[PDB]
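Survey of secondary and tertiary structure
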Amino acid sequence: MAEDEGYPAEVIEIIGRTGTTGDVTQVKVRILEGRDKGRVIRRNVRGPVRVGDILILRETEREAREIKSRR
């Protein structure tokens, strides 16, 4: 319906837990539409999930901290 300012992604498969940051949960989702339509990525969010979930990625962030420490 014209609306294309955000491409929703449906969970295709769950990876598991992440923790560290705070009981994080990484899951893989695929683009339902938006040119690409068919792009699987790995988004990290807090809380569980269930195959079917849908969420738009207005940015998806990145967070390229890259701890200089590196030990």
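Cut-off values and rules
Residues numbered from 1 in each chain as written, not as in the entry; some residues may be left out. Heavy atoms only, no water. Pairing = 2+ DSSP bridges. Helix = DSSP H or I, 4+ residues; strand = E, 2+ residues; numbered from the N terminus. Contact = heavy atoms within 4.5 Å. Polar contact = N/O pair within 3.5 Å; in protein donor to acceptor, adjacent residues only side chain to side chain. Salt bridge = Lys/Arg side-chain N within 4 Å of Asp/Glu carboxyl O. Buried < 20%, exposed > 50% of the residue type's maximum accessible area, 1.4 Å probe, protein only. Axes fitted to C-alpha atoms, helices over the stretch in contact; angles between N-to-C directions.

Turning next to the pairing of strand 1 (residues 8-17). Here strand 1 pairs with strand 4 (residues 54-56) via three bridges, running antiparallel. From the neighbouring strand, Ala 9 faces strand 4, where its bridge partner is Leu 55. Between strand 1 and strand 2 (residues 24-31), which follow one another and run antiparallel, lie six residues, and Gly 19 among them has a positive phi close to 55°.

All right, on to the environment of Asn 44 then. Its location among the elements puts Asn 44 in strand 3 (residues 40-46). Considered as a pair, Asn 44 and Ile 14 are 30 residues apart in the sequence and their alpha carbons are 10 Å apart. Aside from chain neighbours lying at most four places away, what touches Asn 44 is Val 24, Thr 25 and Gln 26. Within the structure, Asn 44 has its side chain in polar contact with the side chain of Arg 43 (distance 2.5 Å).

Turning our attention to the pattern of salt bridges. Applying the stated criterion across every chain, the model contains one salt bridge. For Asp 23, the salt bridge is made with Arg 17, and the minimal N-O distance between the two is 3.3 Å. Its relative accessible area of 66% is what places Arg 17 among the exposed residues.

Our focus in this paragraph is the sheet that holds strand 1. Ordered by their spatial adjacency, four strands build an open sheet running 3-2-1-4, and the pairing between neighbours is antiparallel. Each edge of the sheet is formed by a strand with only one pairing partner; in this case those strands are strand 3 and strand 4. The mean angle between the axes of side-by-side strands here comes to 45°, regardless of whether they run parallel or antiparallel. Strand direction decides the pairing type here: strand 2 and strand 3, joined by seven bridges, are antiparallel. Paired with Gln 26 across the bridge in strand 3 is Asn 44.

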